[PDB]
Amino acid sequence: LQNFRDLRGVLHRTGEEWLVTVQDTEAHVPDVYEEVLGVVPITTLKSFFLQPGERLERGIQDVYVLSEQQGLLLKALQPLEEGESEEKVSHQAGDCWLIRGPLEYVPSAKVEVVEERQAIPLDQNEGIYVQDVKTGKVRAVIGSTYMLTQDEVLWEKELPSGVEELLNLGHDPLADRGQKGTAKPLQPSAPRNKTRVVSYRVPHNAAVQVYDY
Amino acid sequence: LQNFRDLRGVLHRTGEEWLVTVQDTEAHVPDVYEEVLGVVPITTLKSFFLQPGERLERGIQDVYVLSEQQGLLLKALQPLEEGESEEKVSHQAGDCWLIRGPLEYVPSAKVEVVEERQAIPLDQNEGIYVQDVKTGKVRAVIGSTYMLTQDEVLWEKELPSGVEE
Amino acid sequence: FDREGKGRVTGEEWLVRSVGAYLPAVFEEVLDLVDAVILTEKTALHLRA
Amino acid sequence: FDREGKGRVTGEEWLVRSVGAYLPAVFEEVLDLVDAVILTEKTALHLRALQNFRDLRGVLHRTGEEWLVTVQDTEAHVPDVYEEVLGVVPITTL
């Protein structure tokens, strides 16, 4: 049983509840000197499209979607709990906006098939960005000017060097990828020592890598 | 035999009990100067969907479900006893929310068969998350960029070294 | 404003932005006395409820 | 200005830029006393929502919308009612 009358509106509830979703201008709010139970300014603070149904775990329940940006806020109310939690998730709501300023000239060279957005490519300078969902998540490898140069810089920064560190670490595994994300690391029988042999031939890659320990 | 009349409501009990589940605004509560036996503010404190039926082991009994999030609270009242116990379980109620912020862009690439949620996969960066229930519990191995690299890093961190210890 | 109800009291208004006029009547003023703000260059108002 | 409504009060004006005339009447002045600014060399006025200017054999009155002037003035007075159009814009300094 709480009520408020203003702006050409007599809203009278009785023996049950009903909260208001703001949309007010200069609304007086309290009467009889007492409050409704506490004024709630949507400026300081329940965030736009999601109302606080909240339970013991202080999680927000009710929420509505309208746009992708709204879906972010819709998600926000779920992983938000204690202060640091809601703050992180709150930021993640905006953080997950469009491509956070890679360059000025941003179109949308996205690949799509029958309405469903297939893959989201995005190439430019020191980076080729590939977001997929039917074969993984997202991959972005920085270049310098060309795709090749990405492979080059990677090839320079490749793992076959750390082999010496691992030697001292205690267990020599020896891994080494390839420029084009080529996977070459394998696993030998090495409780302590027992070599590392492998011989590939025929139309594929005639290369035998024999390694001793 | 306790009673309260307000907000267009004459609630009079007699010779037996009946507690109220709040839902009040500005309800006066005590009369004749005396109390009902003690005011119970649901703000400080019995937690939302679960009422304190409580026995010698101070455990909450009655509870209702509505959503998954509610089921967490429903569970909460069971493993909660002494302070440190109820606090831990109380936290676990919220702690067990959705995937606690792995990344921003979180959809729901879960595998399901005939209504029953089969398995819950979740891949991204430095981690592939696989929650199952028909062949175990949950497994999450961190990578660096690719599945292979997870295997690599693991291969480096493998046990055959401790043999000397 | 006697008991429960209101005698005659009324809250409504309108403004005279007119140049040249004494203003006060029977000792009291209209309600306030202000000179021109010299209005809006590139401002506006947002009307809500 | 008695109760709620206005007795007779009216806000409207016009200007005499005429040389030679006492001005004050019944102790009070017209409302102000100013000498000539010696107008516009290469300035003009930008009229926005209902703004006007009359001079050089020209009554240009806009209403509830805008319309700026592209100068081409000589000795154009520009502001009236003491207030400006929103700001004088001399095409010499800009």
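The residue pairs whose first member lies in region D:8-19 and is within 16 Å of D:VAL81 (Cβ to Cβ), whose second member is of a type in the set (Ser, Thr, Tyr) and assigned to a loop (DSSP other than H, G, I, E, B), and whose beta carbons are closer than 9 Å, counting only pairs six or more residues apart or on different chains, are D:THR10/C:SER18; D:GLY11/C:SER18; D:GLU12/C:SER18.
Every listed requirement among (1) exposed (fewer than 14 other Cβ atoms within 10 Å of the Cβ); (2) over 28 Å from B:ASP123 (Cα atoms) is met by A:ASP172 save one, (1).
The set of residues from region B:2-29 being more than 9 Å from chain A (Cβ to nearest Cβ), in contact with an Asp or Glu (Cβ under 8 Å, 6 or more places away or on another chain) and either assigned to a loop (DSSP other than H, G, I, E, B) or closer than 22 Å to B:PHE49 by Cα (or both) comprises B:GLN2, B:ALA27, B:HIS28, B:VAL29. Scanning region A:1-57 for residues that are of a type in the set (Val, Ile, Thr) and under 29 Å from B:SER90 (Cα atoms) turns up A:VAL39, A:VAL40, A:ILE42, A:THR44. Restricting attention to region A:60-114, the residues being away from chain B (no Cβ under 14 Å), of a type outside the set (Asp, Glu) and within 21 Å of A:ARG139 (Cβ to Cβ) number 10. Can we say A:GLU87 is of a type outside the set (S, T, N, Q) and either farther than 30 Å from B:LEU66 by Cβ or part of a loop (DSSP other than H, G, I, E, B) (or both)? Taking the combined requirement at face value, the residue does not satisfy it.
On the stretch given as region A:1-30, residues that are over 26 Å from C:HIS46 (Cβ atoms), surrounded by 12 or more Cβ atoms within 10 Å (Cβ to Cβ) and among the acidic types (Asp, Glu) total 0.
Take the conditions within 16 Å of the chain's Cα centre (by Cα), surrounded by 10 or more Cβ atoms within 10 Å (Cβ to Cβ), facing another protein chain (nearest Cβ under 9 Å) and in a loop (DSSP other than H, G, I, E, B) and apply them to C:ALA49. Does it pass? No; evaluated as a whole, the condition is false for this residue. Set side by side, the residues B:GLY59, B:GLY38 differ, and just one is part of a loop (DSSP other than H, G, I, E, B), among the small types (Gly, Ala, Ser) and at positive phi, which is B:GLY38. Selection of region B:115-165 for residues being surrounded by 13 or more Cβ atoms within 10 Å (Cβ to Cβ), away from chain A (no Cβ under 14 Å) and among the charged types (D, E, K, R) yields only B:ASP132. Restricting region B:31-54 to residues that are within 13 Å of chain A (Cβ to nearest Cβ) and loosely packed, with under 10 Cβ neighbours inside 10 Å leaves a set whose member that is nearest to A:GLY15 (Cα to Cα) is B:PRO41.
Laboratory data are not the source of any read-out in this text; all were calculated from the coordinates shown. Counting neighbours? That spans all protein chains shown, and the Cβs are built from the backbone with ideal geometry, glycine included.
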